[PDB]
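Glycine also receives a Cβ, built like all others from the backbone with ideal geometry; neighbour counts cover every protein chain displayed. The values are calculated or read from the model by the stated rules, or taken from the named source; nothing here is a laboratory result.
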Amino acid sequence: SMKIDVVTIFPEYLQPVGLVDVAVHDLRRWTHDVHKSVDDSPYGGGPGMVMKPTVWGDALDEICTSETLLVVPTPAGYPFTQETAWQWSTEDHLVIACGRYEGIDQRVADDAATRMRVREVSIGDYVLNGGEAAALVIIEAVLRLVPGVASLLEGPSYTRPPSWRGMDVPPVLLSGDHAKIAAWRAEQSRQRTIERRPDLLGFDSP
Amino acid sequence: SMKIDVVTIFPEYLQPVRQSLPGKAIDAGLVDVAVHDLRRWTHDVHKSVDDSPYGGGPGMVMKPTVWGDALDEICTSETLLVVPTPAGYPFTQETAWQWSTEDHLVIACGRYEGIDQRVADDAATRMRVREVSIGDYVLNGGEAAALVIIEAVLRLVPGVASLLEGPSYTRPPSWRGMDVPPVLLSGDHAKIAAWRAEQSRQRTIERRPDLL
Ligand SMILES: Nc1cc(-c2ccc3ccn(Cc4ccc(CN5CCCCC5)cc4)c3c2)n[nH]1
Ligand SMILES: Nc1cc(-c2ccc3ccn(Cc4ccc(CN5CCCCC5)cc4)c3c2)n[nH]1
């Protein structure tokens, strides 16, 4: 049993989303002007626009409680990893605040943290157009761990036919020897890990 | 100009990002994103795309025969074939920049427990293949990764660094007892730049020490 509220200026984006309820809210619902303005130019200068804290404050006041875990996707966040997904999988209430433009006024998260637990997180070292794709990633990774639903890369998998275009499934996998298969898979995992993610085994990255 | 083809058993998953393309980029022939249902290339009445893994284990593996036909039809020799996987090379902003100059990306989205390895191995004998991961967590399939990759790449296509970025602020100058840092209102633009650099350094130390 988990409730996830997603707040966004693009609710349509979240369409790809009884053990869990997922609600999507249009941030602009909490505006008061006819222009429904949620952004403004940054103090101190710079390109693009920043989301005003006022509208966010009103939205989160309505949706959050002191028990809420507020998740704020940002390229400057703490890394979201499998460990994080396991941790959040046992939470009662996630609220995901999706930014657009060049991000959200820092006081939204700072103020919220006086009232609830707040987690500014990055899903990877690349820049998205906004938090919505990150919300989908976080929701996917967490929900598959929810009850009722390691440091190595997985090796290759195969299925029928045993030969295809002159490419054979590795013979050990057809041998029925559970121990030999286990050993081979363990070796494949470690070789793939040293090739693709040597950092996971404590070596320098390329 | 770039064409992106996405192959998936859940084509509706990619409907958001297709819609989110500005008409001007499409009209200019700058970008085209097409989404294909993998089951179009199935061989049997049951439209089977998955089968049990050799060597045993849980879950199912996607059939090479179906994928082989799909990629045969969709790919050319100039294609960059992108295969999301939790066991992939890391997709980063450097990767996004590189792929932003490609003419044709094909993204093969797996489900179940992944795709028979011979699909990528065979494809790699006549095109460039990139098995990539978007982060150290496990998704249910490649579609969310495709969304991420498409967004990260396309925002680098015109008209479609070492440290973490610091905090941003806008009006009002005071909100819930919190003032915007006075330096940002100082009109001392060299000082502002130095303040922002220190915020960046501090945030990187706190959140991502690995980057230093
Ligand atoms: N892991 C991850 C999370 C996100 C994410 C999350 C939320 C929002 C809200 C808006 N954006 C787009 C954006 C954010 C910041 C900038 C400023 N920028 C700093 C980095 C270099 C370029 C200049 C520009 C555009 C977001 C991006 N991307 N990747
Ligand atoms: N960066 C990233 C990309 C993906 C991604 C991409 C494509 C597919 C296709 C299917 N899945 C789901 C899946 C794959 C493998 C396993 C088994 N595996 C063995 C032990 C270790 C834990 C997992 C389980 C489920 C995919 C997942 N997730 N995260």
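Run down B:92, B:101, B:125 and say which single residue is more than 19 Å from residue B:65 (Cα to Cα), more than 16 Å from ligand 2 (Cβ to nearest atom) and not hydrophobic (A, V, I, L, M, F, W, C). Spell out the reasoning first.
Working: B:92 fails: more than 16 Å from ligand 2 (Cβ to nearest atom); B:125 fails: more than 19 Å from residue B:65 (Cα to Cα).
After ruling out the rest, the residue left standing is B:101.
Residues of region A:53-89 being among the polar types (S, T, N, Q), within 16 Å of ligand 2 (Cβ to nearest atom) and facing chain B (nearest Cβ under 8 Å), which ones? Please lay out each step first, then the result.
Within region A:53-89, the subset among the polar types (S, T, N, Q) is A:54, A:65-66, A:68, A:74, A:81-82, A:84, A:87, A:89.
Add one more test, that the residue is within 16 Å of ligand 2 (Cβ to nearest atom), and what stays is A:81-82, A:84, A:89.
A:81, A:82, A:84 - these are the residues of region A:53-89 that are among the polar types (S, T, N, Q), within 16 Å of ligand 2 (Cβ to nearest atom) and facing chain B (nearest Cβ under 8 Å).
Would it be correct to say that residue A:153 is more than 16 Å from ligand 1 (Cβ to nearest atom), facing chain B (nearest Cβ under 9 Å), of a type in the set (A, V, I, L, M) and in a helix (DSSP H, G or I)?
No: the conditions fail for residue A:153.
Restrict the check to region A:74-89 and report whether at least one residue is acidic (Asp, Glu) and part of a loop (DSSP other than H, G, I, E, B). Steps first, answer last, please.
The first filter runs over region A:74-89 and keeps only residues acidic (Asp, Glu), leaving A:83.
Among the residues that remain, those that are also part of a loop (DSSP other than H, G, I, E, B) are: none.
No, region A:74-89 has no match at all.
Within the group A:131, A:103, which residue is within 7 Å of chain B (Cβ to nearest Cβ) and not hydrophobic (A, V, I, L, M, F, W, C)? Talk me through it step by step, then tell me what you get.
Working: A:131 fails: within 7 Å of chain B (Cβ to nearest Cβ).
Every option except A:103 fails the conditions.
List the number of the failed condition for residue A:151; all other conditions in (1) over 19 Å from residue A:68 (Cα atoms); (2) away from ligand 2 (no atom under 12 Å from the Cβ) hold.
(2)
All but one of (1) within 15 Å of residue B:111 (Cβ to Cβ); (2) crowded, with 20+ Cβ neighbours inside 10 Å hold for residue B:51; which doesn't?
In the conditions (1) within 15 Å of residue B:111 (Cβ to Cβ); (2) crowded, with 20+ Cβ neighbours inside 10 Å, residue B:51 misses (2) alone.
Among the numbered conditions (1) facing chain B (nearest Cβ under 9 Å); (2) more than 16 Å from ligand 1 (Cβ to nearest atom); (3) at positive phi, tell me where residue A:148 comes up short.
With (1) facing chain B (nearest Cβ under 9 Å); (2) more than 16 Å from ligand 1 (Cβ to nearest atom); (3) at positive phi applied to residue A:148, the lone miss is (1).
For region A:169-178, what are the residues that are outside any loop (DSSP other than H, G, I, E, B) and either more than 9 Å from every other protein chain (Cβ to nearest Cβ) or within 13 Å of the chain's Cα centre (by Cα) (or both)? Break it down into steps so the answer makes sense when it comes.
Step one: of region A:169-178, the residues outside any loop (DSSP other than H, G, I, E, B) are A:171-174, A:178.
A:171, the sole residue that qualifies.
Taking residue B:166 and the conditions (1) part of a loop (DSSP other than H, G, I, E, B); (2) more than 14 Å from ligand 1 (Cβ to nearest atom); (3) surrounded by fewer than 21 Cβ atoms within 10 Å (Cβ to Cβ), which numbered condition does it fall short on, given that it satisfies the others?
Condition not satisfied by residue B:166: (2).
If you check B:206, B:143, which single one turns out to be closer than 30 Å to residue A:141 by Cα, more than 16 Å from ligand 1 (Cβ to nearest atom) and not assigned by CATH to the domain that holds residue B:100? Give the steps one after another, and end with the answer.
On the way: B:143 fails: not assigned by CATH to the domain that holds residue B:100.
Residue meeting the stated conditions: B:206.
Determine whether region A:37-52 contains at least one residue that is in contact with a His (Cβ under 9 Å, 6 or more places away or on another chain), within 11 Å of another protein chain (Cβ to nearest Cβ) and in a helix (DSSP H, G or I).
Restricting attention to region A:37-52, the residues satisfying the condition of being in contact with a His (Cβ under 9 Å, 6 or more places away or on another chain) are A:44-45.
Checking which are within 11 Å of another protein chain (Cβ to nearest Cβ) leaves us with A:44-45.
From what is left, the residues that are in a helix (DSSP H, G or I) are none.
No, region A:37-52 has no match at all.
Can you tell me which residue is surrounded by the fewest Cβ atoms within 10 Å (Cβ to Cβ) among those in region A:1-36 that are acidic (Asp, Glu) and more than 14 Å from chain B (Cβ to nearest Cβ)?
Going residue by residue through region A:1-36, those that are acidic (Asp, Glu) are A:5, A:12, A:21, A:26, A:33.
From what is left, the residues that are more than 14 Å from chain B (Cβ to nearest Cβ) are A:5, A:21, A:26.
Numbers: A:5: 21, A:21: 10, A:26: 15.
Only one residue fits best here, namely A:21.
Testing residue A:146 on (1) under 12 Å from the mean Cα position of the chain (by Cα); (2) not in a helix (DSSP H, G or I), one condition comes back false. Which one is that?
(1)
Given (1) within 19 Å of the chain's Cα centre (by Cα); (2) more than 10 Å from chain A (Cβ to nearest Cβ); (3) part of a loop (DSSP other than H, G, I, E, B); (4) not β-branched (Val, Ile, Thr), identify the lone condition not met by residue B:137.
Unmet condition: (2).
I'd like to verify a number: residues in region B:117-134 that are among the hydrophobic types (A, V, I, L, M, F, W, C), over 25 Å from residue A:125 (Cβ atoms) and assigned to a loop (DSSP other than H, G, I, E, B), how many?
2
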